[PDB]
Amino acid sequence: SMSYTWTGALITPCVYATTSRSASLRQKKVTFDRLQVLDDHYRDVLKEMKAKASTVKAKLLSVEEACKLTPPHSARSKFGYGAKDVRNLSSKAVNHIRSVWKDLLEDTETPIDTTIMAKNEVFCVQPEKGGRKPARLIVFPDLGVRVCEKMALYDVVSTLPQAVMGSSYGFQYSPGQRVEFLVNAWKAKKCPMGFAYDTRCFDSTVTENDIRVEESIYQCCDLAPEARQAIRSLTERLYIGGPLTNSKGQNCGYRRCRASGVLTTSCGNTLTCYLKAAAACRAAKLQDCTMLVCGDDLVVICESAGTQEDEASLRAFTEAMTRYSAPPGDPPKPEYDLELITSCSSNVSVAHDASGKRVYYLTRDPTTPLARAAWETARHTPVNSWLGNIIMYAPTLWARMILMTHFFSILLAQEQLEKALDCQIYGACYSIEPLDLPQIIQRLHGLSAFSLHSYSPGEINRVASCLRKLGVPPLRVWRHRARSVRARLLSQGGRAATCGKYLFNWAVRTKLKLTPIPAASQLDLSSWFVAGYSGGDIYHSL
């Protein structure tokens, strides 16, 4: 069937920001019929996955627990209440949620309505490698339905992926754990070869059968009867497909593929990508595979069979993925250096700690992080990508020297060091106080994140070239600015002094011997690197 059907009604509104004006261009790309052919490899992997899902015991969340996971600025319900009413457990909000839950238990077939919208994302004007990328489309059900999804499936999507995929489940890893996983996988092979596999419009390639197969995996959990019925009804009425309504309440058409804004998007995508890829690995006869899956993002590390054999095994892997309805965007290329693999937009790099000991860390091209941070300094945004980049890329040269320096100077000037800010980590929203950044960084990357040096010539040149292209002052200016930011922070004592001492130790003439932060141990990061929730409408306050 057609991934989408369009009435022609417009997807109306809610260096450059992506808008609803480019929606037509995205719609054309994501609209196609799917041809899927399953085989024995696919069926074998599925049974193996279900056998692992069978160990999971999932709990039904109470209305109250589901309400607390709702972001304060989550889209308002069309039934007369908003995210604040949900969080406060208001009568109107709660009564409506209960009527939605009751309807899921009673009605097993009627499709549930969804809103289609163009996402507003910031990208950098690259007139060299073509032009502007069209807006991604977000498809999501009403607030009432989203709270019900949490009651039925929050525990499932949070526990089942790890139980099924084990060490292959990418969302269980902090940045420090992810780099360690990739390094260990690479070092475990006699002659390693790795590749990233990019699926063209993954959500659109997800068939109705894939969504049912995905439910068959959920159904292996020990579940409460109402949770079991809610999952059965949500699959049939929402996950497999449904009608699309624009922001003006006009009918846009229909969807028979993955909705990007449902609780199960990340879990469903990860399970589907893993299933198809593990089966394709067997079809291609790739030897001693290690996979790392994050939604539609896949990395494979295996034993090289020779350069021509590897090129042949990758074409075979691609042919199998195509049969499973997961054709590629760019065709995959074998890599023989771990650093040359880009996965989840990141690459492994090496640096040294204070004692000259080798330290692996993940980095990326800083153009998009810098452009987005420039947009965020210019104007207010719901999520602060600068903060998530400081958190995730804390050991990088660019995040330490530019992002930490710039934003700490703004926070000092505005006296907003104590003001909690929202940021996204693996699709979940976190309200974070910037004064807590040293404790966060020590926990995710280790104490050495504050003492890294001997950055590679390639990394230094990529950062330096980027600054020049974007009209950002050179590294020497940042060192000078960080010294002043640091001095002001030190003079304040408490957490502010800790930010100064730890975050800006790279800036000083004579580096201080840094000791572990005592408050870092008592920091509750239990919900941080457990699962992915892209489009899942999840919130946590640290």
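The first residue of the sequence shown is number 1, and the count goes up from there. C-alpha atoms forming the largest set that superposes within 1.5 Å between two forms make up the rigid core.
Participant: Find the stretch among 377 to 385 and 234 to 242 with the larger RMS C-alpha deviation in 8 other deposited structures of this protein, all structures being superposed on the shown form by the rigid core.
Facilitator: Comparing 234 to 242 with 377 to 385, the one that moves more in 8 other deposited structures of this protein is 377 to 385.
Participant: Which stretch is more displaced from the shown form in 8 other deposited structures of this protein, 422 to 430 or 303 to 311, with RMS over structures and residues of Cα positions after a rigid core fit?
Facilitator: It is 422 to 430 that deviates more in 8 other deposited structures of this protein.
Participant: Does the comparison with other PDB entries of this protein show residue 525 lacking coordinates in a third or more of them, where both adjacent residues are built?
Facilitator: Across the other compared entries, residue 525 is absent from none.
Participant: Do a third or more of the other compared entries leave residue 15 out of the model?
Facilitator: That residue is missing from at least a third of the other compared entries.
Participant: Would you class the number of unmodelled deposited residues between residue 14 and residue 15 as none, 1 to 3, 4 to 9, or 10 or more?
Facilitator: 10 or more residues are missing.
Participant: With reference to the PDB entry, specify whether the mean Cα temperature factor is higher for 261 to 269 or for 117 to 125.
Facilitator: Of 117 to 125 and 261 to 269, the stretch with the higher C-alpha B-factor average is 117 to 125.
Participant: Which wins on mean Cα temperature factor, 513 to 521 or 58 to 66?
Facilitator: 513 to 521 has the higher mean C-alpha B-factor.
Participant: Among 396, 347, 233, 325, where is the Cα temperature factor highest, going by the PDB entry?
Facilitator: Out of 396, 347, 233, 325, the record gives the largest C-alpha B-factor to 325.
Participant: Looking at 91, 167, 367, 216, which one carries the largest C-alpha B-factor according to the PDB entry?
Facilitator: That would be 91, according to the entry.
Participant: Test of reading the entry: by CA B factor among the chain's modelled residues, which third contains residue 209?
Facilitator: Middle third, going by the recorded CA B-factors of the chain.
Participant: In terms of the CA temperature factor given in the entry, to which third of its chain does residue 457 belong: lowest, middle or highest?
Facilitator: For residue 457, whose C-alpha B-factor we compare with every modelled residue in the chain, the answer is the highest third.
Participant: Of the three thirds of its chain by CA temperature factor, lowest, middle or highest, which one includes residue 376?
Facilitator: Middle third by C-alpha B-factor.
Participant: State the tercile, meaning the lowest, middle or highest third, of residue 98 with respect to the CA B-factors recorded for its chain.
Facilitator: For residue 98, whose C-alpha B-factor we compare with every modelled residue in the chain, the answer is the middle third.
Participant: Lowest, middle or highest third of the chain for the C-alpha temperature factor of residue 480?
Facilitator: Residue 480: CA B-factor falls in the highest third of its chain.
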